[PDB]
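Shown below: data_20.csv, with CSV, C-alpha atoms and all ligand atoms.
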```csv
chain,number,residue,atom,x,y,z
A,14,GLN,CA,3.8,-3.4,-23.4
A,15,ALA,CA,2.5,-0.2,-21.8
A,16,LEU,CA,2.0,-1.6,-18.3
A,17,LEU,CA,4.8,0.7,-17.1
A,18,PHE,CA,2.3,3.6,-17.0
A,19,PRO,CA,0.0,2.0,-14.3
A,20,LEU,CA,3.0,1.3,-12.1
A,21,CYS,CA,4.1,5.0,-12.3
A,22,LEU,CA,0.7,5.9,-10.9
A,23,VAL,CA,1.1,2.9,-8.5
A,24,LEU,CA,4.3,4.6,-7.3
A,25,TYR,CA,2.7,8.0,-7.0
A,26,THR,CA,0.0,6.3,-4.9
A,27,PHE,CA,2.7,4.5,-2.9
A,28,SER,CA,4.7,7.7,-2.2
A,29,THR,CA,1.6,9.8,-1.0
A,30,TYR,CA,0.7,7.2,1.5
A,31,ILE,CA,4.1,6.6,3.1
A,32,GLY,CA,4.6,10.4,2.8
A,33,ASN,CA,2.1,10.4,5.7
A,34,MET,CA,2.8,6.9,7.1
A,35,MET,CA,6.6,7.3,7.6
A,36,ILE,CA,6.1,11.0,8.7
A,37,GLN,CA,3.8,10.4,11.7
A,38,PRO,CA,6.4,8.3,13.6
A,39,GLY,CA,9.1,10.8,12.8
A,40,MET,CA,6.9,13.8,13.6
A,41,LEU,CA,8.2,13.9,17.1
A,42,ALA,CA,11.7,14.7,15.8
A,43,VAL,CA,10.2,17.5,13.8
A,44,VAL,CA,8.2,18.8,16.8
A,45,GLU,CA,11.3,18.6,19.0
A,46,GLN,CA,13.1,20.8,16.6
A,47,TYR,CA,10.4,23.3,15.5
A,48,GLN,CA,9.1,23.6,19.1
A,49,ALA,CA,5.4,23.8,19.9
A,50,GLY,CA,4.1,20.6,21.6
A,51,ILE,CA,3.4,16.9,20.9
A,52,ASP,CA,-0.2,18.1,20.2
A,53,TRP,CA,1.2,19.0,16.8
A,54,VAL,CA,2.1,15.4,16.0
A,55,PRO,CA,-1.4,14.3,14.9
A,56,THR,CA,-2.0,17.9,13.5
A,57,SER,CA,0.4,16.8,10.7
A,58,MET,CA,-2.0,14.1,9.4
A,59,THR,CA,-4.9,16.6,9.9
A,60,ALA,CA,-3.5,19.3,7.6
A,61,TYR,CA,-2.4,16.6,5.2
A,62,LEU,CA,-6.0,15.3,5.2
A,63,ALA,CA,-7.8,18.7,5.0
A,64,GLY,CA,-5.8,19.4,1.8
A,65,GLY,CA,-7.2,16.3,0.0
A,66,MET,CA,-10.8,17.5,0.5
A,67,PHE,CA,-10.1,20.9,-0.9
A,68,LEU,CA,-10.3,20.3,-4.7
A,69,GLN,CA,-11.4,16.7,-4.3
A,70,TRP,CA,-14.7,17.8,-5.9
A,71,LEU,CA,-13.4,20.2,-8.4
A,72,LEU,CA,-10.5,18.2,-9.8
A,73,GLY,CA,-12.7,15.4,-11.3
A,74,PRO,CA,-14.8,17.5,-13.6
A,75,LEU,CA,-11.7,19.7,-14.0
A,76,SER,CA,-9.3,17.1,-15.3
A,77,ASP,CA,-12.2,16.3,-17.7
A,78,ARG,CA,-12.4,19.9,-19.0
A,79,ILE,CA,-8.7,20.5,-19.9
A,80,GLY,CA,-7.1,17.1,-20.4
A,81,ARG,CA,-5.9,14.6,-17.9
A,82,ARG,CA,-2.2,14.7,-18.6
A,83,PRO,CA,-1.4,18.5,-17.8
A,84,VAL,CA,-3.5,18.4,-14.5
A,85,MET,CA,-2.0,15.1,-13.4
A,86,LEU,CA,1.6,16.6,-14.0
A,87,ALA,CA,0.6,19.8,-12.2
A,88,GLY,CA,0.1,17.4,-9.3
A,89,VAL,CA,3.3,15.3,-9.6
A,90,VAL,CA,5.1,18.6,-10.0
A,91,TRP,CA,3.1,20.1,-7.1
A,92,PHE,CA,4.2,17.2,-4.9
A,93,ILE,CA,8.0,17.1,-5.5
A,94,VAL,CA,8.1,21.0,-5.1
A,95,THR,CA,6.5,21.0,-1.6
A,96,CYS,CA,8.5,17.7,-0.9
A,97,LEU,CA,11.7,19.8,-0.8
A,98,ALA,CA,10.2,23.4,-0.3
A,99,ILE,CA,9.0,22.3,3.2
A,100,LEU,CA,12.6,21.6,4.2
A,101,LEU,CA,13.1,25.4,4.0
A,102,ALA,CA,10.2,26.6,6.1
A,103,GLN,CA,11.8,25.4,9.3
A,104,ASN,CA,9.0,26.9,11.6
A,105,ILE,CA,6.0,25.0,12.8
A,106,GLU,CA,3.5,27.8,12.0
A,107,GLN,CA,4.2,27.4,8.3
A,108,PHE,CA,5.2,23.8,8.4
A,109,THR,CA,1.5,23.3,8.4
A,110,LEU,CA,1.0,25.5,5.3
A,111,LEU,CA,3.5,23.2,3.3
A,112,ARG,CA,2.1,20.0,4.9
A,113,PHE,CA,-1.4,21.2,4.0
A,114,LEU,CA,-0.5,21.9,0.3
A,115,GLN,CA,1.2,18.4,0.3
A,116,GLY,CA,-2.3,17.1,1.2
A,117,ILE,CA,-4.0,18.7,-1.9
A,118,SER,CA,-1.8,16.4,-3.9
A,119,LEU,CA,-4.4,13.7,-2.9
A,120,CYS,CA,-7.2,14.8,-5.2
A,121,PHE,CA,-4.8,14.0,-8.1
A,122,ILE,CA,-4.6,10.3,-7.3
A,123,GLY,CA,-8.3,9.6,-7.6
A,124,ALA,CA,-10.2,12.4,-9.4
A,125,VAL,CA,-7.8,12.2,-12.4
A,126,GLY,CA,-5.2,9.5,-11.7
A,127,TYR,CA,-7.7,6.7,-11.0
A,128,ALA,CA,-10.1,8.1,-13.6
A,129,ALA,CA,-7.4,7.8,-16.3
A,130,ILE,CA,-7.4,4.0,-15.8
A,131,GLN,CA,-11.2,3.9,-15.8
A,132,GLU,CA,-11.1,5.7,-19.2
A,133,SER,CA,-8.3,4.0,-21.0
A,134,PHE,CA,-7.7,0.5,-19.6
A,135,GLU,CA,-10.5,-2.0,-20.0
A,136,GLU,CA,-12.5,-4.0,-17.4
A,137,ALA,CA,-10.2,-7.0,-16.7
A,138,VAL,CA,-7.1,-4.7,-17.2
A,139,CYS,CA,-8.6,-2.3,-14.6
A,140,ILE,CA,-9.3,-5.1,-12.1
A,141,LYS,CA,-5.7,-6.2,-11.5
A,142,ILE,CA,-4.6,-2.6,-11.4
A,143,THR,CA,-7.2,-1.7,-8.8
A,144,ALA,CA,-6.4,-5.0,-6.9
A,145,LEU,CA,-2.9,-3.6,-6.9
A,146,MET,CA,-3.8,0.0,-5.9
A,147,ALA,CA,-5.8,-1.4,-3.0
A,148,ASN,CA,-2.7,-3.2,-1.5
A,149,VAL,CA,-0.7,0.1,-1.9
A,150,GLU,CA,-3.3,1.7,0.4
A,151,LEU,CA,-2.7,-1.4,2.6
A,152,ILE,CA,1.0,-2.0,2.5
A,153,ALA,CA,2.3,1.6,2.5
A,154,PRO,CA,0.5,2.3,5.8
A,155,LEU,CA,1.5,-1.1,7.2
A,156,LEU,CA,5.3,-1.1,6.5
A,157,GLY,CA,5.8,2.7,6.1
A,158,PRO,CA,6.0,3.6,9.8
A,159,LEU,CA,8.4,0.6,10.0
A,160,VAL,CA,10.8,2.2,7.5
A,161,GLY,CA,9.9,5.5,9.1
A,162,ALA,CA,11.3,4.2,12.4
A,163,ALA,CA,14.4,2.6,10.9
A,164,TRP,CA,15.0,6.0,9.0
A,165,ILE,CA,15.1,8.2,12.1
A,166,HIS,CA,17.6,5.8,13.7
A,167,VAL,CA,20.3,5.7,10.9
A,168,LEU,CA,19.5,9.2,9.4
A,169,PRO,CA,17.5,12.4,10.3
A,170,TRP,CA,13.9,13.1,9.3
A,171,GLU,CA,15.0,15.3,6.3
A,172,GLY,CA,16.1,12.1,4.4
A,173,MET,CA,12.5,11.2,3.9
A,174,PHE,CA,11.4,14.4,2.0
A,175,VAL,CA,14.3,13.9,-0.4
A,176,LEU,CA,13.5,10.2,-0.8
A,177,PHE,CA,9.8,11.1,-1.6
A,178,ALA,CA,10.6,14.0,-4.0
A,179,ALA,CA,13.0,11.5,-5.7
A,180,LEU,CA,10.6,8.5,-5.8
A,181,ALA,CA,7.8,10.8,-7.1
A,182,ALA,CA,10.5,11.8,-9.7
A,183,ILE,CA,11.2,8.2,-10.6
A,184,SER,CA,7.5,8.1,-11.4
A,185,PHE,CA,7.5,11.7,-12.8
A,186,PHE,CA,10.3,11.1,-15.3
A,187,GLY,CA,8.5,7.8,-16.1
A,188,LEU,CA,5.4,10.0,-16.8
A,189,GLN,CA,7.3,12.9,-18.5
A,190,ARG,CA,7.4,11.0,-21.8
A,191,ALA,CA,5.0,8.1,-21.0
A,192,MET,CA,1.6,9.7,-20.2
A,193,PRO,CA,-1.1,9.6,-22.9
A,194,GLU,CA,-4.3,11.6,-22.1
A,195,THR,CA,-8.1,10.7,-22.6
A,196,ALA,CA,-10.1,13.7,-21.4
A,197,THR,CA,-13.2,14.2,-23.7
A,198,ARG,CA,-14.6,17.5,-22.3
A,199,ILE,CA,-11.9,19.6,-24.1
A,200,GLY,CA,-13.0,23.2,-24.9
A,201,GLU,CA,-15.9,23.3,-22.4
A,202,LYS,CA,-17.3,26.2,-20.4
A,203,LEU,CA,-16.3,27.3,-16.9
A,204,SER,CA,-19.5,25.8,-15.5
A,205,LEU,CA,-19.0,26.1,-11.7
A,206,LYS,CA,-22.7,26.4,-10.8
A,207,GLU,CA,-23.5,22.9,-12.1
A,208,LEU,CA,-21.2,21.1,-9.6
A,209,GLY,CA,-22.6,22.5,-6.4
A,210,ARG,CA,-26.1,21.9,-7.5
A,211,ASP,CA,-25.4,18.3,-8.5
A,212,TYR,CA,-23.4,17.5,-5.4
A,213,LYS,CA,-26.3,18.9,-3.4
A,214,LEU,CA,-28.4,16.2,-5.2
A,215,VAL,CA,-26.3,13.4,-3.8
A,216,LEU,CA,-26.3,15.5,-0.6
A,217,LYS,CA,-30.1,15.1,-0.6
A,218,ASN,CA,-29.8,11.3,-0.4
A,219,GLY,CA,-30.5,10.4,3.3
A,220,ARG,CA,-29.5,6.8,2.5
A,221,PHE,CA,-26.3,7.7,0.8
A,222,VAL,CA,-25.0,10.5,3.0
A,223,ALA,CA,-25.9,8.7,6.3
A,224,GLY,CA,-24.0,5.8,4.6
A,225,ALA,CA,-21.2,8.0,3.4
A,226,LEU,CA,-20.7,9.3,7.0
A,227,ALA,CA,-20.9,5.8,8.5
A,228,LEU,CA,-17.9,5.1,6.3
A,229,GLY,CA,-16.0,8.0,7.8
A,230,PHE,CA,-17.0,7.4,11.5
A,231,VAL,CA,-16.1,3.7,11.1
A,232,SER,CA,-12.7,4.1,9.6
A,233,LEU,CA,-11.7,7.1,11.8
A,234,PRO,CA,-10.6,5.3,15.0
A,235,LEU,CA,-8.2,3.7,12.5
A,236,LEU,CA,-6.8,7.0,11.4
A,237,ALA,CA,-7.1,8.7,14.8
A,238,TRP,CA,-4.7,6.1,16.1
A,239,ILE,CA,-2.3,6.4,13.2
A,240,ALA,CA,-2.1,10.2,13.8
A,241,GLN,CA,-1.6,9.7,17.5
A,242,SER,CA,0.1,6.2,17.7
A,243,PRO,CA,3.5,7.9,18.2
A,244,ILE,CA,2.7,10.3,21.1
A,245,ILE,CA,0.4,7.6,22.5
A,246,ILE,CA,3.2,5.1,22.7
A,247,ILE,CA,6.6,6.9,22.2
A,248,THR,CA,5.9,9.9,24.6
A,249,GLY,CA,2.6,8.8,26.0
A,250,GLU,CA,3.5,5.2,27.0
A,251,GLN,CA,7.3,5.8,26.7
A,252,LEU,CA,8.4,3.1,24.3
A,253,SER,CA,11.2,2.9,21.7
A,254,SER,CA,11.0,2.8,17.8
A,255,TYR,CA,11.1,-1.1,17.8
A,256,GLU,CA,8.4,-1.5,20.4
A,257,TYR,CA,6.0,1.1,18.9
A,258,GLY,CA,6.6,-0.1,15.4
A,259,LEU,CA,5.9,-3.6,16.8
A,260,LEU,CA,2.4,-2.4,17.7
A,261,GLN,CA,1.6,-1.1,14.2
A,262,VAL,CA,1.6,-4.7,12.9
A,263,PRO,CA,-0.8,-6.6,15.2
A,264,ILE,CA,-3.3,-3.9,14.1
A,265,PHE,CA,-2.4,-3.8,10.4
A,266,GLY,CA,-1.8,-7.6,10.2
A,267,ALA,CA,-5.3,-7.9,11.4
A,268,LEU,CA,-6.7,-5.5,8.8
A,269,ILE,CA,-4.8,-7.4,6.1
A,270,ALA,CA,-6.3,-10.7,7.4
A,271,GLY,CA,-9.8,-9.0,7.2
A,272,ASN,CA,-9.1,-8.1,3.5
A,273,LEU,CA,-7.9,-11.7,3.0
A,274,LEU,CA,-11.3,-13.2,4.1
A,275,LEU,CA,-13.3,-10.4,2.4
A,276,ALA,CA,-12.0,-11.2,-1.1
A,277,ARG,CA,-12.5,-15.0,-0.3
A,278,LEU,CA,-15.9,-14.8,1.4
A,279,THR,CA,-17.1,-12.3,-1.2
A,280,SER,CA,-18.5,-15.4,-2.9
A,281,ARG,CA,-20.2,-17.5,-0.2
A,282,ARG,CA,-22.1,-14.5,1.2
A,283,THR,CA,-24.1,-11.4,0.3
A,284,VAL,CA,-22.6,-7.9,0.5
A,285,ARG,CA,-25.6,-7.2,2.9
A,286,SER,CA,-24.5,-10.0,5.2
A,287,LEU,CA,-20.8,-9.1,5.2
A,288,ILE,CA,-21.2,-5.7,6.7
A,289,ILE,CA,-23.1,-7.2,9.6
A,290,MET,CA,-20.7,-10.1,9.5
A,291,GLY,CA,-17.6,-7.9,10.0
A,292,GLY,CA,-19.5,-5.6,12.3
A,293,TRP,CA,-19.4,-7.8,15.5
A,294,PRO,CA,-15.5,-7.6,15.7
A,295,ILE,CA,-15.7,-3.8,15.0
A,296,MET,CA,-18.3,-3.6,17.8
A,297,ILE,CA,-16.1,-5.8,20.0
A,298,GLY,CA,-12.9,-3.9,18.9
A,299,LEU,CA,-13.8,-0.4,20.2
A,300,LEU,CA,-15.9,-2.2,22.8
A,301,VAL,CA,-12.9,-3.8,24.5
A,302,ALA,CA,-10.3,-1.1,23.4
A,303,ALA,CA,-12.0,1.4,25.7
A,304,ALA,CA,-13.4,-1.3,28.0
A,305,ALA,CA,-9.7,-1.7,28.7
A,306,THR,CA,-8.5,1.8,29.6
A,307,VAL,CA,-11.5,1.8,32.0
A,308,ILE,CA,-9.7,1.6,35.3
A,309,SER,CA,-6.3,0.6,33.9
A,310,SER,CA,-5.3,3.8,32.0
A,311,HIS,CA,-2.1,2.4,30.6
A,312,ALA,CA,-2.6,-1.2,29.4
A,313,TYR,CA,-1.8,-0.2,25.8
A,314,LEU,CA,-1.4,-3.8,24.9
A,315,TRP,CA,-5.1,-4.6,25.3
A,316,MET,CA,-5.9,-1.3,23.6
A,317,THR,CA,-3.8,-2.3,20.6
A,318,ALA,CA,-5.2,-5.8,20.8
A,319,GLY,CA,-8.7,-4.1,20.9
A,320,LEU,CA,-7.6,-2.2,17.8
A,321,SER,CA,-6.8,-5.6,16.3
A,322,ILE,CA,-10.4,-6.8,16.6
A,323,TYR,CA,-11.7,-3.5,15.4
A,324,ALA,CA,-9.1,-3.6,12.6
A,325,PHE,CA,-9.9,-7.1,11.3
A,326,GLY,CA,-13.6,-5.9,11.1
A,327,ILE,CA,-12.7,-2.8,9.0
A,328,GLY,CA,-11.0,-5.1,6.4
A,329,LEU,CA,-14.4,-6.9,5.8
A,330,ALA,CA,-17.3,-4.6,6.6
A,331,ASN,CA,-16.0,-1.2,5.7
A,332,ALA,CA,-14.8,-2.4,2.3
A,333,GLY,CA,-18.1,-4.0,1.4
A,334,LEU,CA,-20.3,-1.0,2.5
A,335,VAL,CA,-18.2,1.0,0.1
A,336,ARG,CA,-20.0,-0.2,-3.0
A,337,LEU,CA,-23.5,-0.1,-1.6
A,338,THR,CA,-22.9,3.5,-0.7
A,339,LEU,CA,-21.7,4.2,-4.2
A,340,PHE,CA,-24.9,2.5,-5.5
A,341,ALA,CA,-27.1,4.0,-2.7
A,342,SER,CA,-27.5,6.9,-5.1
A,343,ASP,CA,-28.3,6.0,-8.7
A,344,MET,CA,-26.0,8.8,-9.9
A,345,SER,CA,-22.6,9.4,-11.5
A,346,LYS,CA,-19.5,7.6,-10.2
A,347,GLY,CA,-17.4,10.8,-10.3
A,348,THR,CA,-19.9,12.8,-8.2
A,349,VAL,CA,-20.6,10.1,-5.6
A,350,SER,CA,-16.9,9.3,-5.0
A,351,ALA,CA,-16.0,12.9,-4.6
A,352,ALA,CA,-19.1,13.5,-2.4
A,353,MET,CA,-18.1,10.6,-0.2
A,354,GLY,CA,-14.5,11.6,-0.3
A,355,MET,CA,-15.2,15.1,0.9
A,356,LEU,CA,-17.4,13.6,3.6
A,357,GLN,CA,-15.1,10.9,4.9
A,358,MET,CA,-12.2,13.3,5.3
A,359,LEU,CA,-14.3,15.9,7.1
A,360,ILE,CA,-15.0,13.1,9.5
A,361,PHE,CA,-11.3,12.2,9.5
A,362,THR,CA,-9.8,15.7,9.7
A,363,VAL,CA,-12.0,17.2,12.3
A,364,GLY,CA,-12.5,13.8,13.8
A,365,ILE,CA,-8.8,13.6,14.8
A,366,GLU,CA,-8.8,17.2,16.0
A,367,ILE,CA,-11.5,16.2,18.5
A,368,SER,CA,-9.6,12.9,18.9
A,369,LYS,CA,-6.5,14.8,20.0
A,370,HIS,CA,-7.9,16.8,22.9
A,371,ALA,CA,-9.7,13.5,23.6
A,372,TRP,CA,-6.2,12.2,24.5
A,373,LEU,CA,-4.8,15.3,26.2
A,374,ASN,CA,-7.2,16.3,28.9
A,375,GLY,CA,-8.4,12.8,29.4
A,376,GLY,CA,-5.4,10.6,28.6
A,377,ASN,CA,-6.2,7.2,27.1
A,378,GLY,CA,-9.7,6.6,28.5
A,379,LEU,CA,-11.5,9.6,26.8
A,380,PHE,CA,-9.7,8.8,23.5
A,381,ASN,CA,-10.9,5.2,23.3
A,382,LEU,CA,-14.4,6.3,24.3
A,383,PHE,CA,-14.1,8.9,21.6
A,384,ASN,CA,-13.6,5.8,19.5
A,385,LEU,CA,-16.5,3.5,20.5
A,386,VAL,CA,-18.4,6.8,20.0
A,387,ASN,CA,-17.7,6.1,16.3
A,388,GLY,CA,-18.6,2.4,16.3
A,389,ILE,CA,-21.8,3.6,18.0
A,390,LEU,CA,-22.3,6.2,15.2
A,391,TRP,CA,-21.7,3.7,12.4
A,392,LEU,CA,-23.8,1.0,14.0
A,393,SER,CA,-26.5,3.7,14.7
A,394,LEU,CA,-26.3,4.4,10.9
A,395,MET,CA,-26.8,0.7,10.2
A,396,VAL,CA,-30.1,0.3,12.0
A,397,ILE,CA,-31.0,2.8,9.4
A,398,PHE,CA,-29.1,1.6,6.4
A,399,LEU,CA,-30.2,-2.0,6.1
A,400,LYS,CA,-33.1,-2.8,8.5
B,501,LIG,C1,-11.1,6.0,-3.2
B,501,LIG,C2,-10.4,6.8,-2.1
B,501,LIG,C3,-9.5,7.7,-2.7
B,501,LIG,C4,-9.9,9.2,-2.6
B,501,LIG,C5,-9.2,9.8,-1.3
B,501,LIG,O1,-8.0,10.2,-1.5
B,501,LIG,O2,-9.8,9.8,-0.3
B,501,LIG,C6,-9.8,5.9,-1.0
B,501,LIG,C7,-8.9,6.6,0.0
B,501,LIG,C8,-8.9,5.9,1.3
B,501,LIG,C9,-9.7,4.6,1.0
B,501,LIG,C10,-10.3,3.8,2.1
B,501,LIG,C11,-9.4,3.6,3.3
B,501,LIG,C12,-10.1,2.7,4.4
B,501,LIG,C13,-10.8,1.5,4.0
B,501,LIG,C14,-9.8,0.3,4.1
B,501,LIG,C15,-10.5,-1.0,3.8
B,501,LIG,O3,-9.7,-2.1,4.0
B,501,LIG,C16,-10.9,-1.0,2.3
B,501,LIG,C17,-11.8,0.2,2.0
B,501,LIG,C18,-11.5,1.6,2.6
B,501,LIG,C19,-12.9,2.2,2.9
B,501,LIG,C20,-10.8,2.4,1.5
B,501,LIG,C21,-11.6,2.6,0.2
B,501,LIG,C22,-11.1,3.6,-0.8
B,501,LIG,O4,-10.0,3.0,-1.6
B,501,LIG,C23,-10.6,4.9,-0.2
B,501,LIG,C24,-11.9,5.7,0.3
B,502,PR,PR,-24.5,17.6,-14.5
```
Render the structure in this file as structure tokens.
Ligand SMILES: C[C@H](CCC(=O)O)[C@H]1CC[C@H]2[C@@H]3CC[C@@H]4C[C@H](O)CC[C@]4(C)[C@H]3C[C@H](O)[C@]12C
Ligand SMILES: [Pr+3]
Amino acid sequence: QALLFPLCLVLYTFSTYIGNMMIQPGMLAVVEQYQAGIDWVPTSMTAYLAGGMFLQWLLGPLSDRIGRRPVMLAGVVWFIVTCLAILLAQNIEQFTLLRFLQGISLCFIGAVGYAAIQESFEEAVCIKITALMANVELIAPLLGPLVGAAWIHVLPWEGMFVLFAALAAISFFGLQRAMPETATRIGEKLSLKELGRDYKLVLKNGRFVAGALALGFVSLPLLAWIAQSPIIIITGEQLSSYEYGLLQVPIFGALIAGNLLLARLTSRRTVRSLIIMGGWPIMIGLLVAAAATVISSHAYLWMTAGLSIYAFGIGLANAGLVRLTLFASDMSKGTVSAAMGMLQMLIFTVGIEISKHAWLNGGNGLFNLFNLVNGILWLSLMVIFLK
């Protein structure tokens, strides 16, 4: 009867992902209008990222302290505002500022949004909702740059920011009068000292952190492409919106097929085995991605095909290693998730930044090498983590 409330959060999750996944393809348009350089294409994703790990930590224990409903809305409100208040910045120096504050609307999905379902809805109820909100994080980056390439053709870029402010409103007016709250730390002290100390505790966990990083490092060459897959292909390799949007699928359609097997071979194998099971393709992915652009700088096909191996493997291994890293520290779910959030993004954010220049002054070589760097890193934190 009240299954309309999860779907509203489902929608809010949907919008925030495409809000980044339809934007990176049509960032060129926005660069060739605001005028700075194609080096500011990925640096969209980057400031969108670096917002998420601002109050990531503080929003969880915060949505606890003063209700879940008014903080969640301060986020849905905070999204639609900067979804239309960025259309009136018009310069690239402060497009960042409004892109960045659109990235803080990311803490709200997990640290309070996800937490509202873990509080109210019960186990088997929560399962199908999370099985849903894991496909949102899979379909909205899969098909988002495909609508984001059929949107810049029939309309301008601006049509997106209206469509998101509106879809976040279809959810927001569905949450205006249909959002019950379950925060139990009402009327509690402004205890800020306790967080840093207790996050430092999970920070002390040389099995968890080294395992939290290795989640970052592994899933980065995935995000470093997404942020640069436009100006790698459109301007870099000089291909159209149908040809570049064609290369998004062999990658993604390989990640989906690695999340097909995972949930199927979750049974016949151990979690411990799956990470090493899905690790060989990842190793062979970034092995052959950059073992392509060796002498042949511009055989993007074999790079994208190499990011189809690597991508299949992220479906399986990376997803497994999530849990074990949660349970690598026998501590609170809220503190660990936030701690591995704020660690994965710092790998993502500043990982791309280096990943950017990796592409400039080197081209395609250096970039893919500063990919296999990360497969090396993750692997090098697997010889630690299991054996
Ligand atoms: C739980 C956070 C939400 C907090 C945040 O905004 O970062 C989300 C955001 C990004 C998510 C990850 C994206 C990459 C991965 C894709 C895999 O095929 C399935 C597991 C992974 C590892 C995901 C697991 C998890 O669902 C994450 C870490
Ligand atoms: Pr505590």
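If only C-alpha atoms and all ligand atoms are the atoms counted, then among A:105, A:163, A:117, A:191 the closest residue to ligand LIG 501 (chain B) is A:117.
Each of A:155, A:129, A:235, A:386 was compared to residue 259 of chain A using only C-alpha atoms, and A:155 turns out to be the nearest.
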Discussion item. Any residue with an atom at most 8 Å from ligand LIG 501 (chain B) counts, using only C-alpha atoms and all ligand atoms. Which are they? Put them as a count of residues only.
Written reply: 31
Practice prompt. Record the distance separating atom CA of residue 220 of chain A and atom CA of residue 276 of chain A, expressed in Å with one decimal.
Written response: 25.4 Å
Discussion item. 12 Å from ligand PR 502 (chain B) is the threshold here; counting all atoms listed in the file, which polymer residues fall inside it? Answer as a PyMOL selection string.
Written reply: chain A and resi 74+204-215+344-348
